[PDB]
Structure formats: C-alpha cells, structure tokens
Amino acid sequence: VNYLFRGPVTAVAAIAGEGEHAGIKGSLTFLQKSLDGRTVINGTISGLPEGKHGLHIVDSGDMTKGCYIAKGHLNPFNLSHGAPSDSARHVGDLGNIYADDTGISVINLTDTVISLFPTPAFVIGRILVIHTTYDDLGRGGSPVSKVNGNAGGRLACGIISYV
Amino acid sequence: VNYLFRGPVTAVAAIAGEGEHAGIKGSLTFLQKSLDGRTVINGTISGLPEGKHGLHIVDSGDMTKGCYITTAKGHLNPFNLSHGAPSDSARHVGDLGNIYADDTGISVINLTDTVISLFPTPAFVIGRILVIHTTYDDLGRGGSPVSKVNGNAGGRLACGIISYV
Ligand SMILES: [Ca+2]
Ligand SMILES: [Cu+2]
Ligand SMILES: [Cu+2]
Ligand SMILES: [Zn+2]
Ligand SMILES: [Zn+2]
C-alpha cells in the first residue's frame, strides 16, 4: 500500500514569532487515528498578546522568507471562510485560540476536516498561522470576512510536519 | 482528482542553524514535474565551514526541540536499505550525498535525484527534516561502524522542514 495512508498519523508544528514577536513560542501535536477519524490538536503557545487570535492553515508551506511575508487559507474545496464548526469553511479554518494576561494559550481542539493523510485536505507541509487579532468566523460583515475572517497580520507560524 | 498527485510540484526547505551556528542560513527548492519524474534540487547556503557536508533527509519532521536534538532518529528509509551515495543501488531515500561550501562559506547546491518524491508515494519527502551535517558523508565506504548507517557525517550544522511552496 503506502505507509502514508496507514495506522495512526502523528504530526507536529513548532510555532515561533520573529523580530518584535520573537518571544512567541509553542508547539502543537496533531493525531488522527484513521482516514475517517477526527484529528485531535493539543499544545500551548506562550508570549502572545492577551485576547483571541485566529488560527489558520495557509495554502503555502514556504518559510524561506520568514513568517511576515502565497497568501490564502488552505482551500482545496473552493469554499468561503467560516468557523471550524461551519460546513462552509476552508480546510485551514481552525477558528480562534485565546491567550490570557499570562500570554499563554492552551490549545485543545478536535477537527473533522483537516487530514494528516494525503487526501485533498492534507495539511502536512503547510504553515499554521497565529493571527494578530481574532477571526470573525465570516460573520463580521467586513469585505474580507468571507475571505479570511479579518484577523489581521501574522504573529507567529510553523510548518505542520511529521513527528 | 487529488491535487497532491498532479501537475509539477515545487517544495522548499528554509535552512537555519542555531546557537553558535546561527550564521548558517539558506534555502533549497525541489521541483518534480510528475510521478516518477526526476526531482531537481537547487539552492544556496551561506555561513558554512569550508569543505564537504552530508545532505540527508531524516525520518522525522519534528523541529519542536530545534535542529540539535538528542534524538538520533535515522535517515528516511521506507525501503529498509543500507546507507549509500545517491547513485548507489543500496541507499536510503534520504541519502542526497554531499554539498560543498567554499572558503567564503557559500554552498551552491545543484542536485538531481530519482528516488525522492514530492508526491504522496512511498518515497514522499515532504514534512521531513533536511539536515546539513558537520562533515562529509563517506557514502557508506568509510569502514566506520556507522558508515552503512549514516555515512559517519557527524552532528548537524543546520536543518529545515521540506514543505510545499
Ligand atoms: Ca523513482
Ligand atoms: Cu488567516
Ligand atoms: Cu545523515
Ligand atoms: Zn479561511
Ligand atoms: Zn542514509
């Protein structure tokens, strides 16, 4: 067969900011037991400004020019931007994470759309982004609401890679 | 129908060292036109010590602890073969041989490989770490115990995850 389509798949992302945001650091683990199965995401990020931050997988995995410079959420199904719980969403739409006054965000998410297996929703080799502000979940009535949730610039990112 | 199996694929690795090796910086591009096509690898790295350095893809993509882990994972080897040169019959998928850095610390990388894949076939290299070693790969011919394991290329100077463009 192909070992990439087999057994449980474990992935990780090393999250880092740069420049003024060099203090932003964290790691996420992704586990999907089977092709049909949900993906569980767990980890922490530290050094974040207090409040909600959009968490998105973009269509590129290219970190050669750093975090702060293609744009577009991972969207192989050509849908509009939405919340993770919305049917009308990008593959890359993982919603919002929250950091308190400590700057620590605890991430514990379950997703049914992303894949750790090489199906069209494969997220490995793509960049996970933590945005400046909150994702409006396509409900904000901004022009870019249905494009990217109006979550502003990037604070930090990391490539989703195999464990 | 699966876009991951179609068209030409371009992948990239952002290469960085850390600590004393923070001056090592570069990028490699990988381009493969189709399933079973050759993969052309191009790039430049700066800040390297002069001489030959092993260039290998390891079985892990985990950068959470940085490049200089105490994990000693092993070269990407889904076909369960011994370590060799890229042209050798017996080689790991991850065995891309040696790069050369000149006295200015610049390495110009220009390789073509017919084993690795940018498509999700058994030799898929995306989501794994590309490593630049301390010293040269002996291509499994050095008579060391680890020669047939990893080419005795020593520790790591720098690395990066092979990712989609
Ligand atoms: Ca081949
Ligand atoms: Cu976004
Ligand atoms: Cu090696
Ligand atoms: Zn989106
Ligand atoms: Zn090897």
# chains A, B, ... in the order shown; residues from 1 in each chain; ligands from 1
call {"tool": "interface_residues", "arguments": {"of": "chain A", "to": "chain B", "cutoff": "9 Å", "atoms": "only C-alpha atoms", "output": "CSV table (one decimal) with N, CA, C and O atoms, in the first residue's frame"}}
result
chain,number,residue,atom,x,y,z
A,1,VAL,N,0.9,-1.2,0.0
A,1,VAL,CA,0.0,0.0,0.0
A,1,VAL,C,0.9,1.2,0.0
A,1,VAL,O,1.8,1.3,-0.8
A,2,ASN,N,0.7,2.1,1.0
A,2,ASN,CA,1.5,3.3,1.1
A,2,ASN,C,1.4,3.6,2.6
A,2,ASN,O,0.3,3.8,3.1
A,3,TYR,N,2.5,3.6,3.3
A,3,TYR,CA,2.6,3.8,4.8
A,3,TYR,C,2.0,5.2,5.2
A,3,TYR,O,1.7,5.4,6.3
A,4,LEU,N,2.0,6.1,4.2
A,4,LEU,CA,1.4,7.4,4.5
A,4,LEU,C,-0.1,7.3,4.6
A,4,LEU,O,-0.7,8.3,5.2
A,11,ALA,N,1.5,14.3,13.7
A,11,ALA,CA,2.2,15.4,13.1
A,11,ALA,C,2.4,16.4,14.3
A,11,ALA,O,1.8,16.3,15.3
A,12,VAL,N,3.3,17.4,14.0
A,12,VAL,CA,3.6,18.5,14.9
A,12,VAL,C,3.8,19.8,14.2
A,12,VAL,O,4.2,19.8,13.0
A,13,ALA,N,3.6,20.9,14.9
A,13,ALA,CA,4.1,22.2,14.4
A,13,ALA,C,4.9,22.9,15.5
A,13,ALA,O,4.4,23.1,16.6
A,14,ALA,N,6.1,23.4,15.2
A,14,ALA,CA,6.9,24.2,16.0
A,14,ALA,C,6.5,25.7,15.7
A,14,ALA,O,6.7,26.2,14.6
A,15,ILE,N,5.9,26.4,16.7
A,15,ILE,CA,5.4,27.7,16.5
A,15,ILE,C,6.4,28.7,17.0
A,15,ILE,O,6.9,28.6,18.1
A,26,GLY,N,5.8,28.1,20.8
A,26,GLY,CA,4.9,27.0,21.2
A,26,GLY,C,5.0,25.8,20.3
A,26,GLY,O,5.8,25.8,19.4
A,27,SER,N,4.3,24.7,20.7
A,27,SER,CA,4.2,23.5,19.8
A,27,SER,C,2.8,22.9,19.9
A,27,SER,O,2.1,23.0,21.0
A,28,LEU,N,2.4,22.4,18.8
A,28,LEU,CA,1.1,21.7,18.7
A,28,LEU,C,1.4,20.3,18.2
A,28,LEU,O,2.2,20.1,17.4
A,59,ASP,N,-2.2,28.2,2.3
A,59,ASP,CA,-2.1,27.3,1.2
A,59,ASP,C,-0.6,27.0,0.9
A,59,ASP,O,-0.3,26.2,0.0
A,60,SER,N,0.3,27.7,1.6
A,60,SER,CA,1.7,27.6,1.4
A,60,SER,C,2.4,27.0,2.6
A,60,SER,O,2.0,27.1,3.7
A,61,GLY,N,3.6,26.3,2.4
A,61,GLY,CA,4.4,25.9,3.5
A,61,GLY,C,5.8,26.6,3.5
A,61,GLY,O,6.7,26.2,4.2
A,62,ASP,N,5.9,27.6,2.6
A,62,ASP,CA,7.1,28.2,2.3
A,62,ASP,C,7.5,29.2,3.4
A,62,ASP,O,7.0,30.3,3.5
A,63,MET,N,8.6,28.9,4.2
A,63,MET,CA,9.1,29.7,5.3
A,63,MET,C,10.4,30.3,4.9
A,63,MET,O,11.1,30.9,5.7
A,64,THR,N,10.8,30.3,3.6
A,64,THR,CA,12.1,30.8,3.2
A,64,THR,C,12.2,32.3,3.4
A,64,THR,O,13.3,32.8,3.6
A,65,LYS,N,11.1,33.0,3.3
A,65,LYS,CA,11.1,34.4,3.5
A,65,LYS,C,10.5,34.8,4.9
A,65,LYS,O,10.1,36.0,5.1
A,66,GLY,N,10.5,33.8,5.8
A,66,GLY,CA,10.0,34.1,7.2
A,66,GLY,C,8.5,34.1,7.3
A,66,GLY,O,7.8,33.8,6.3
A,70,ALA,N,2.7,32.2,-0.6
A,70,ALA,CA,1.4,32.8,-1.1
A,70,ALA,C,0.5,33.0,0.1
A,70,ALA,O,0.4,32.2,1.0
A,76,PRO,N,-8.7,23.6,-0.8
A,76,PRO,CA,-8.8,22.8,-1.9
A,76,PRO,C,-10.3,22.6,-2.4
A,76,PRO,O,-10.5,22.2,-3.6
A,118,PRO,N,-2.7,11.8,2.9
A,118,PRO,CA,-2.6,12.6,1.7
A,118,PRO,C,-3.9,12.5,0.9
A,118,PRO,O,-3.9,12.2,-0.3
A,119,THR,N,-5.0,13.0,1.5
A,119,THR,CA,-6.2,13.2,0.8
A,119,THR,C,-6.3,14.7,0.4
A,119,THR,O,-5.3,15.5,0.8
A,120,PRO,N,-7.2,15.2,-0.3
A,120,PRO,CA,-7.2,16.7,-0.7
A,120,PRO,C,-7.2,17.6,0.5
A,120,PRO,O,-6.7,18.8,0.3
A,122,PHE,N,-5.1,17.3,3.1
A,122,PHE,CA,-3.8,17.1,3.7
A,122,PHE,C,-3.3,18.5,4.2
A,122,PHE,O,-3.3,19.4,3.4
A,124,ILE,N,-0.2,18.6,6.1
A,124,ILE,CA,1.2,18.5,6.2
A,124,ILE,C,2.0,19.2,5.1
A,124,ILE,O,1.5,19.2,4.0
A,125,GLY,N,3.0,19.9,5.5
A,125,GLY,CA,3.9,20.7,4.6
A,125,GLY,C,3.3,22.1,4.3
A,125,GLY,O,3.6,22.7,3.4
A,126,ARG,N,2.3,22.5,5.2
A,126,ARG,CA,1.7,23.8,5.1
A,126,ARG,C,1.9,24.5,6.4
A,126,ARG,O,2.1,23.9,7.4
A,127,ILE,N,1.8,25.9,6.4
A,127,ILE,CA,2.1,26.7,7.5
A,127,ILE,C,0.8,26.9,8.3
A,127,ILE,O,-0.2,27.3,7.7
A,159,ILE,N,5.5,25.2,10.3
A,159,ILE,CA,5.1,24.2,9.3
A,159,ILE,C,4.6,22.9,10.1
A,159,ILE,O,5.2,22.4,11.0
A,160,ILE,N,3.4,22.4,9.6
A,160,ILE,CA,2.9,21.2,10.1
A,160,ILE,C,3.7,20.1,9.4
A,160,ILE,O,3.8,20.0,8.2
A,161,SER,N,4.4,19.3,10.3
A,161,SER,CA,5.3,18.3,9.8
A,161,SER,C,5.1,16.9,10.5
A,161,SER,O,4.4,16.9,11.5
A,162,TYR,N,5.7,15.8,9.9
A,162,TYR,CA,5.5,14.5,10.6
A,162,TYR,C,6.4,14.5,11.8
A,162,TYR,O,7.4,15.0,11.9
A,163,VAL,N,5.8,13.8,12.9
A,163,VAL,CA,6.5,13.5,14.1
A,163,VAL,C,7.9,12.8,13.9
A,163,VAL,O,8.0,12.0,12.9
call {"tool": "select_by_dssp", "arguments": {"residues": "chain B", "states": "strand (DSSP E or B)", "output": "ChimeraX atom specification"}}
result
/B:9-16,25-32,39-46,51-58,75,95-101,107-113,117,124,129-133,156-164
call {"tool": "select_by_dssp", "arguments": {"residues": "chain B", "states": "alpha helix (DSSP H)", "output": "list in words"}}
result
residues 147, 148, 149 and 150 of chain B
call {"tool": "write_last_selection", "arguments": {"atoms": "N, CA, C and O atoms", "output": "PDB file, in the first residue's frame"}}
result
ATOM      1  N   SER B 147      29.166   3.735   9.052  1.00  0.00           N
ATOM      2  CA  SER B 147      29.288   4.085   7.647  1.00  0.00           C
ATOM      3  C   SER B 147      28.041   3.657   6.867  1.00  0.00           C
ATOM      4  O   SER B 147      27.490   4.433   6.088  1.00  0.00           O
ATOM      5  N   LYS B 148      27.583   2.429   7.116  1.00  0.00           N
ATOM      6  CA  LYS B 148      26.458   1.821   6.415  1.00  0.00           C
ATOM      7  C   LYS B 148      25.153   2.234   7.098  1.00  0.00           C
ATOM      8  O   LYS B 148      24.062   1.884   6.643  1.00  0.00           O
ATOM      9  N   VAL B 149      25.266   2.999   8.191  1.00  0.00           N
ATOM     10  CA  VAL B 149      24.100   3.520   8.881  1.00  0.00           C
ATOM     11  C   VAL B 149      23.816   4.948   8.412  1.00  0.00           C
ATOM     12  O   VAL B 149      22.693   5.246   8.016  1.00  0.00           O
ATOM     13  N   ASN B 150      24.829   5.826   8.418  1.00  0.00           N
ATOM     14  CA  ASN B 150      24.550   7.225   8.142  1.00  0.00           C
ATOM     15  C   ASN B 150      25.714   7.937   7.457  1.00  0.00           C
ATOM     16  O   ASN B 150      25.646   9.149   7.272  1.00  0.00           O
TER      17      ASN B 150
END
call {"tool": "residues_near_ligand", "arguments": {"ligand": "ligand 5", "cutoff": "9 Å", "atoms": "only C-alpha atoms and all ligand atoms", "output": "PyMOL selection string"}}
result
chain B and resi 56-58+74-77+81-85+91-97+137+139-140+147-151
call {"tool": "write_last_selection", "arguments": {"atoms": "N, CA and C atoms", "output": "short mmCIF file (atom, residue, chain, number, x, y, z; two decimals), in the first residue's frame"}}
result
data_model
loop_
_atom_site.label_atom_id
_atom_site.label_comp_id
_atom_site.auth_asym_id
_atom_site.auth_seq_id
_atom_site.Cartn_x
_atom_site.Cartn_y
_atom_site.Cartn_z
N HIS B 56 21.18 15.15 4.11
CA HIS B 56 20.35 13.97 4.31
C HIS B 56 18.95 14.36 4.76
N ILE B 57 17.97 13.53 4.38
CA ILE B 57 16.61 13.69 4.86
C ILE B 57 16.40 12.63 5.95
N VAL B 58 15.99 13.05 7.16
CA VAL B 58 15.80 12.13 8.27
C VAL B 58 14.34 11.69 8.35
N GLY B 74 17.43 8.69 12.49
CA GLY B 74 17.77 7.83 11.36
C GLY B 74 17.33 8.45 10.03
N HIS B 75 18.07 8.15 8.96
CA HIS B 75 17.73 8.66 7.64
C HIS B 75 16.37 8.12 7.18
N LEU B 76 15.64 8.93 6.39
CA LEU B 76 14.39 8.48 5.79
C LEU B 76 14.65 7.22 4.96
N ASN B 77 14.02 6.10 5.35
CA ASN B 77 14.39 4.80 4.80
C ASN B 77 13.17 3.88 4.73
N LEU B 81 16.79 -0.11 3.34
CA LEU B 81 18.07 -0.41 2.71
C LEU B 81 19.19 0.17 3.57
N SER B 82 20.44 -0.11 3.22
CA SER B 82 21.57 0.45 3.93
C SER B 82 21.93 1.82 3.35
N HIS B 83 22.77 2.57 4.06
CA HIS B 83 23.20 3.90 3.64
C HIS B 83 24.15 3.79 2.45
N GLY B 84 23.97 4.68 1.47
CA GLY B 84 24.91 4.76 0.35
C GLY B 84 24.94 6.17 -0.26
N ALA B 85 25.66 6.32 -1.37
CA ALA B 85 25.63 7.52 -2.19
C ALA B 85 24.31 7.59 -2.97
N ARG B 91 20.67 2.43 -0.98
CA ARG B 91 20.68 3.76 -0.36
C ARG B 91 19.36 4.00 0.34
N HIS B 92 19.37 4.96 1.27
CA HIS B 92 18.15 5.48 1.88
C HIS B 92 17.51 6.48 0.93
N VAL B 93 16.18 6.64 1.04
CA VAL B 93 15.51 7.69 0.29
C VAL B 93 16.20 9.02 0.62
N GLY B 94 16.59 9.19 1.89
CA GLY B 94 17.09 10.45 2.40
C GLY B 94 18.56 10.73 2.06
N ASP B 95 19.20 9.86 1.27
CA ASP B 95 20.63 9.96 1.01
C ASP B 95 20.87 10.85 -0.21
N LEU B 96 21.11 12.15 0.02
CA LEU B 96 21.31 13.08 -1.08
C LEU B 96 22.79 13.41 -1.24
N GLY B 97 23.67 12.66 -0.55
CA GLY B 97 25.11 12.79 -0.79
C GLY B 97 25.72 13.99 -0.05
N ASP B 137 29.75 13.05 4.15
CA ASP B 137 29.21 11.71 4.10
C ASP B 137 30.23 10.81 3.42
N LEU B 139 29.62 7.97 2.24
CA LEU B 139 28.88 7.28 1.18
C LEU B 139 28.83 5.77 1.45
N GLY B 140 28.94 5.40 2.73
CA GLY B 140 28.93 4.01 3.16
C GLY B 140 30.25 3.28 2.89
N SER B 147 29.17 3.73 9.05
CA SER B 147 29.29 4.08 7.65
C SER B 147 28.04 3.66 6.87
N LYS B 148 27.58 2.43 7.12
CA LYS B 148 26.46 1.82 6.41
C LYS B 148 25.15 2.23 7.10
N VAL B 149 25.27 3.00 8.19
CA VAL B 149 24.10 3.52 8.88
C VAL B 149 23.82 4.95 8.41
N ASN B 150 24.83 5.83 8.42
CA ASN B 150 24.55 7.23 8.14
C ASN B 150 25.71 7.94 7.46
N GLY B 151 26.77 7.20 7.09
CA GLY B 151 27.88 7.78 6.34
C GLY B 151 28.88 8.53 7.22
#
call {"tool": "residues_near_ligand", "arguments": {"ligand": "ligand 1", "cutoff": "12 Å", "atoms": "only C-alpha atoms and all ligand atoms", "output": "PyMOL selection string"}}
result
chain B and resi 32+34-39+86-87+93+112-119+121-124
call {"tool": "write_last_selection", "arguments": {"atoms": "N, CA and C atoms", "output": "short mmCIF file (atom, residue, chain, number, x, y, z; two decimals), in the first residue's frame"}}
result
data_model
loop_
_atom_site.label_atom_id
_atom_site.label_comp_id
_atom_site.auth_asym_id
_atom_site.auth_seq_id
_atom_site.Cartn_x
_atom_site.Cartn_y
_atom_site.Cartn_z
N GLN B 32 9.69 18.66 -9.13
CA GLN B 32 9.42 17.37 -9.75
C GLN B 32 8.18 17.53 -10.61
N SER B 34 6.36 15.29 -12.46
CA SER B 34 5.32 14.27 -12.41
C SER B 34 5.75 13.11 -11.52
N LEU B 35 4.80 12.24 -11.15
CA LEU B 35 5.11 10.91 -10.63
C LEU B 35 6.21 10.26 -11.46
N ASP B 36 7.25 9.75 -10.79
CA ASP B 36 8.35 9.05 -11.44
C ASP B 36 9.29 10.02 -12.14
N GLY B 37 8.99 11.32 -12.08
CA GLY B 37 9.89 12.31 -12.66
C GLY B 37 11.13 12.49 -11.78
N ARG B 38 12.19 13.05 -12.35
CA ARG B 38 13.35 13.40 -11.53
C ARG B 38 12.97 14.59 -10.65
N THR B 39 13.62 14.72 -9.50
CA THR B 39 13.48 15.91 -8.66
C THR B 39 14.77 16.71 -8.76
N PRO B 86 23.89 8.78 -3.47
CA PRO B 86 22.66 8.90 -4.25
C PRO B 86 22.57 7.97 -5.46
N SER B 87 23.73 7.65 -6.06
CA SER B 87 23.79 6.82 -7.26
C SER B 87 23.90 5.33 -6.89
N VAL B 93 16.18 6.64 1.04
CA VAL B 93 15.51 7.69 0.29
C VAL B 93 16.20 9.02 0.62
N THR B 112 20.22 16.45 -8.78
CA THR B 112 19.05 15.79 -9.35
C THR B 112 18.96 14.41 -8.72
N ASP B 113 17.77 14.07 -8.21
CA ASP B 113 17.57 12.79 -7.55
C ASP B 113 16.39 12.10 -8.22
N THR B 114 16.46 10.77 -8.34
CA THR B 114 15.40 9.99 -8.96
C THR B 114 14.73 9.05 -7.95
N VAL B 115 15.06 9.20 -6.66
CA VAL B 115 14.44 8.38 -5.63
C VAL B 115 13.35 9.15 -4.89
N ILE B 116 13.69 10.34 -4.37
CA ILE B 116 12.78 11.10 -3.52
C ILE B 116 11.52 11.46 -4.30
N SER B 117 10.41 11.69 -3.60
CA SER B 117 9.18 12.10 -4.27
C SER B 117 8.56 13.31 -3.58
N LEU B 118 7.99 14.22 -4.38
CA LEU B 118 7.25 15.38 -3.90
C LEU B 118 5.76 15.07 -3.94
N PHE B 119 5.43 13.84 -4.39
CA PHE B 119 4.06 13.36 -4.49
C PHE B 119 3.87 12.32 -3.39
N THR B 121 3.71 9.39 -2.60
CA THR B 121 4.05 8.00 -2.88
C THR B 121 5.02 7.52 -1.80
N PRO B 122 5.43 6.24 -1.77
CA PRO B 122 6.26 5.75 -0.67
C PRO B 122 7.55 6.52 -0.39
N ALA B 123 8.07 7.25 -1.40
CA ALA B 123 9.31 7.99 -1.20
C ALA B 123 9.07 9.47 -0.90
N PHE B 124 7.85 9.83 -0.47
CA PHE B 124 7.47 11.20 -0.17
C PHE B 124 8.45 11.80 0.85
#
call {"tool": "atom_distance", "arguments": {"atom1": "CA of residue 156 (chain A)", "atom2": "CA of residue 98 (chain A)"}}
result
14.2 Å
call {"tool": "residues_near_ligand", "arguments": {"ligand": "ligand 2", "cutoff": "9 Å", "atoms": "only C-alpha atoms and all ligand atoms", "output": "JSON list (two decimals) with N, CA, C and O atoms, in the first residue's frame"}}
result
[["chain", "number", "residue", "atom", "x", "y", "z"],
["A", 54, "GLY", "N", -6.82, 34.39, 15.57],
["A", 54, "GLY", "CA", -7.15, 33.45, 14.50],
["A", 54, "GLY", "C", -6.04, 32.41, 14.31],
["A", 54, "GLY", "O", -4.85, 32.73, 14.33],
["A", 55, "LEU", "N", -6.47, 31.15, 14.15],
["A", 55, "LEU", "CA", -5.56, 30.04, 13.93],
["A", 55, "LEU", "C", -5.91, 29.41, 12.58],
["A", 55, "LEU", "O", -6.96, 28.80, 12.43],
["A", 56, "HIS", "N", -5.04, 29.58, 11.59],
["A", 56, "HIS", "CA", -5.38, 29.19, 10.23],
["A", 56, "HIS", "C", -4.23, 28.45, 9.58],
["A", 56, "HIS", "O", -3.07, 28.74, 9.85],
["A", 57, "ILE", "N", -4.58, 27.50, 8.70],
["A", 57, "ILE", "CA", -3.59, 26.84, 7.86],
["A", 57, "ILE", "C", -3.66, 27.49, 6.48],
["A", 57, "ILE", "O", -4.74, 27.56, 5.89],
["A", 58, "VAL", "N", -2.52, 28.01, 5.99],
["A", 58, "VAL", "CA", -2.49, 28.71, 4.71],
["A", 58, "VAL", "C", -2.10, 27.73, 3.60],
["A", 58, "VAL", "O", -1.70, 26.59, 3.88],
["A", 71, "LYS", "N", -0.32, 34.07, 0.07],
["A", 71, "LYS", "CA", -1.46, 34.25, 0.96],
["A", 71, "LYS", "C", -2.66, 33.45, 0.44],
["A", 71, "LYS", "O", -2.70, 33.02, -0.72],
["A", 72, "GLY", "N", -3.64, 33.24, 1.33],
["A", 72, "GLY", "CA", -4.83, 32.44, 1.03],
["A", 72, "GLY", "C", -4.86, 31.25, 1.99],
["A", 72, "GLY", "O", -3.87, 30.51, 2.08],
["A", 73, "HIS", "N", -5.97, 31.07, 2.70],
["A", 73, "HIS", "CA", -6.16, 29.89, 3.54],
["A", 73, "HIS", "C", -6.18, 28.63, 2.69],
["A", 73, "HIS", "O", -6.63, 28.66, 1.55],
["A", 92, "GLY", "N", -8.38, 25.07, 6.13],
["A", 92, "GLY", "CA", -7.43, 25.72, 7.03],
["A", 92, "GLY", "C", -8.07, 26.52, 8.16],
["A", 92, "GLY", "O", -7.36, 27.17, 8.93],
["A", 93, "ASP", "N", -9.41, 26.49, 8.26],
["A", 93, "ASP", "CA", -10.12, 27.36, 9.21],
["A", 93, "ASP", "C", -10.26, 26.67, 10.56],
["A", 93, "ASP", "O", -11.22, 25.93, 10.76],
["A", 128, "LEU", "N", 0.90, 26.69, 9.62],
["A", 128, "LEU", "CA", -0.12, 27.11, 10.56],
["A", 128, "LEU", "C", 0.22, 28.51, 11.04],
["A", 128, "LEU", "O", 1.36, 28.77, 11.44],
["A", 129, "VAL", "N", -0.76, 29.42, 11.02],
["A", 129, "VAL", "CA", -0.54, 30.82, 11.32],
["A", 129, "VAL", "C", -1.34, 31.20, 12.57],
["A", 129, "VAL", "O", -2.48, 30.77, 12.72],
["A", 130, "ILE", "N", -0.72, 31.99, 13.46],
["A", 130, "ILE", "CA", -1.42, 32.65, 14.55],
["A", 130, "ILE", "C", -1.52, 34.14, 14.21],
["A", 130, "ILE", "O", -0.51, 34.80, 14.04],
["A", 131, "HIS", "N", -2.75, 34.64, 14.10],
["A", 131, "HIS", "CA", -3.01, 35.99, 13.63],
["A", 131, "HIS", "C", -2.93, 37.02, 14.75],
["A", 131, "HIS", "O", -3.06, 36.71, 15.92],
["A", 135, "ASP", "N", -10.39, 35.97, 14.58],
["A", 135, "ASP", "CA", -11.10, 35.61, 13.36],
["A", 135, "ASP", "C", -12.58, 35.90, 13.60],
["A", 135, "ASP", "O", -13.13, 35.45, 14.61],
["A", 147, "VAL", "N", -13.40, 36.05, 3.25],
["A", 147, "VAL", "CA", -12.12, 35.68, 2.65],
["A", 147, "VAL", "C", -11.21, 35.07, 3.71],
["A", 147, "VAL", "O", -10.69, 33.96, 3.52],
["A", 148, "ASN", "N", -11.04, 35.76, 4.85],
["A", 148, "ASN", "CA", -10.05, 35.30, 5.81],
["A", 148, "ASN", "C", -10.44, 35.62, 7.25],
["A", 148, "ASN", "O", -9.63, 35.38, 8.15],
["A", 149, "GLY", "N", -11.64, 36.15, 7.47],
["A", 149, "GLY", "CA", -12.13, 36.40, 8.83],
["A", 149, "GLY", "C", -11.59, 37.69, 9.45],
["A", 149, "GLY", "O", -11.78, 37.91, 10.64],
["A", 150, "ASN", "N", -10.89, 38.50, 8.65],
["A", 150, "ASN", "CA", -10.43, 39.82, 9.05],
["A", 150, "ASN", "C", -9.56, 39.76, 10.31],
["A", 150, "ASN", "O", -9.73, 40.59, 11.19],
["A", 151, "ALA", "N", -8.64, 38.79, 10.39],
["A", 151, "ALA", "CA", -7.91, 38.51, 11.62],
["A", 151, "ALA", "C", -6.57, 39.26, 11.64],
["A", 151, "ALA", "O", -5.78, 39.12, 12.58],
["A", 152, "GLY", "N", -6.34, 40.06, 10.59],
["A", 152, "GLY", "CA", -5.18, 40.94, 10.53],
["A", 152, "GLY", "C", -3.91, 40.21, 10.14],
["A", 152, "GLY", "O", -3.97, 39.19, 9.46],
["A", 153, "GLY", "N", -2.76, 40.73, 10.58],
["A", 153, "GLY", "CA", -1.45, 40.21, 10.21],
["A", 153, "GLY", "C", -1.11, 38.91, 10.95],
["A", 153, "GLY", "O", -1.96, 38.32, 11.60],
["A", 154, "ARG", "N", 0.15, 38.50, 10.85],
["A", 154, "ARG", "CA", 0.63, 37.28, 11.47],
["A", 154, "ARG", "C", 1.48, 37.62, 12.70],
["A", 154, "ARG", "O", 2.25, 38.58, 12.66]]
call {"tool": "atom_distance", "arguments": {"atom1": "CA of residue 80 (chain B)", "atom2": "CA of residue 43 (chain B)"}}
result
28.7 Å
call {"tool": "decode", "arguments": {"residues": "region 2-17 of chain A", "atoms": "N, CA and C atoms", "output": "PDB file, in the first residue's frame"}}
result
ATOM      1  N   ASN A   2       0.675   2.117   0.954  1.00  0.00           N
ATOM      2  CA  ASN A   2       1.502   3.292   1.143  1.00  0.00           C
ATOM      3  C   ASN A   2       1.401   3.607   2.635  1.00  0.00           C
ATOM      4  N   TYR A   3       2.534   3.585   3.342  1.00  0.00           N
ATOM      5  CA  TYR A   3       2.579   3.774   4.780  1.00  0.00           C
ATOM      6  C   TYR A   3       2.040   5.155   5.181  1.00  0.00           C
ATOM      7  N   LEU A   4       1.954   6.086   4.234  1.00  0.00           N
ATOM      8  CA  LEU A   4       1.390   7.411   4.497  1.00  0.00           C
ATOM      9  C   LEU A   4      -0.129   7.343   4.646  1.00  0.00           C
ATOM     10  N   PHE A   5      -0.747   6.247   4.193  1.00  0.00           N
ATOM     11  CA  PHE A   5      -2.197   6.081   4.288  1.00  0.00           C
ATOM     12  C   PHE A   5      -2.599   5.096   5.400  1.00  0.00           C
ATOM     13  N   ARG A   6      -1.674   4.786   6.310  1.00  0.00           N
ATOM     14  CA  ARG A   6      -1.833   3.656   7.220  1.00  0.00           C
ATOM     15  C   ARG A   6      -1.774   4.114   8.678  1.00  0.00           C
ATOM     16  N   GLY A   7      -2.384   3.289   9.552  1.00  0.00           N
ATOM     17  CA  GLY A   7      -2.225   3.334  11.003  1.00  0.00           C
ATOM     18  C   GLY A   7      -2.619   4.709  11.517  1.00  0.00           C
ATOM     19  N   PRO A   8      -2.264   5.075  12.767  1.00  0.00           N
ATOM     20  CA  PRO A   8      -2.424   6.458  13.203  1.00  0.00           C
ATOM     21  C   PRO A   8      -1.305   7.312  12.605  1.00  0.00           C
ATOM     22  N   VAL A   9      -1.612   8.581  12.305  1.00  0.00           N
ATOM     23  CA  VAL A   9      -0.591   9.515  11.863  1.00  0.00           C
ATOM     24  C   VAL A   9      -0.446  10.596  12.923  1.00  0.00           C
ATOM     25  N   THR A  10       0.801  10.890  13.297  1.00  0.00           N
ATOM     26  CA  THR A  10       1.101  11.945  14.243  1.00  0.00           C
ATOM     27  C   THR A  10       1.888  13.037  13.518  1.00  0.00           C
ATOM     28  N   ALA A  11       1.454  14.286  13.688  1.00  0.00           N
ATOM     29  CA  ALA A  11       2.163  15.431  13.135  1.00  0.00           C
ATOM     30  C   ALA A  11       2.425  16.430  14.261  1.00  0.00           C
ATOM     31  N   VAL A  12       3.299  17.413  13.994  1.00  0.00           N
ATOM     32  CA  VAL A  12       3.618  18.476  14.934  1.00  0.00           C
ATOM     33  C   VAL A  12       3.818  19.797  14.186  1.00  0.00           C
ATOM     34  N   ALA A  13       3.642  20.915  14.902  1.00  0.00           N
ATOM     35  CA  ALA A  13       4.086  22.212  14.418  1.00  0.00           C
ATOM     36  C   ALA A  13       4.895  22.913  15.505  1.00  0.00           C
ATOM     37  N   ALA A  14       6.110  23.367  15.154  1.00  0.00           N
ATOM     38  CA  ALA A  14       6.886  24.242  16.019  1.00  0.00           C
ATOM     39  C   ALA A  14       6.477  25.682  15.726  1.00  0.00           C
ATOM     40  N   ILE A  15       5.894  26.364  16.714  1.00  0.00           N
ATOM     41  CA  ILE A  15       5.378  27.710  16.494  1.00  0.00           C
ATOM     42  C   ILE A  15       6.409  28.720  16.994  1.00  0.00           C
ATOM     43  N   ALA A  16       6.752  29.700  16.149  1.00  0.00           N
ATOM     44  CA  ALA A  16       7.678  30.759  16.530  1.00  0.00           C
ATOM     45  C   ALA A  16       7.284  32.068  15.850  1.00  0.00           C
ATOM     46  N   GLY A  17       7.396  33.178  16.585  1.00  0.00           N
ATOM     47  CA  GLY A  17       7.378  34.515  16.019  1.00  0.00           C
ATOM     48  C   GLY A  17       8.802  35.008  15.758  1.00  0.00           C
TER      49      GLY A  17
END
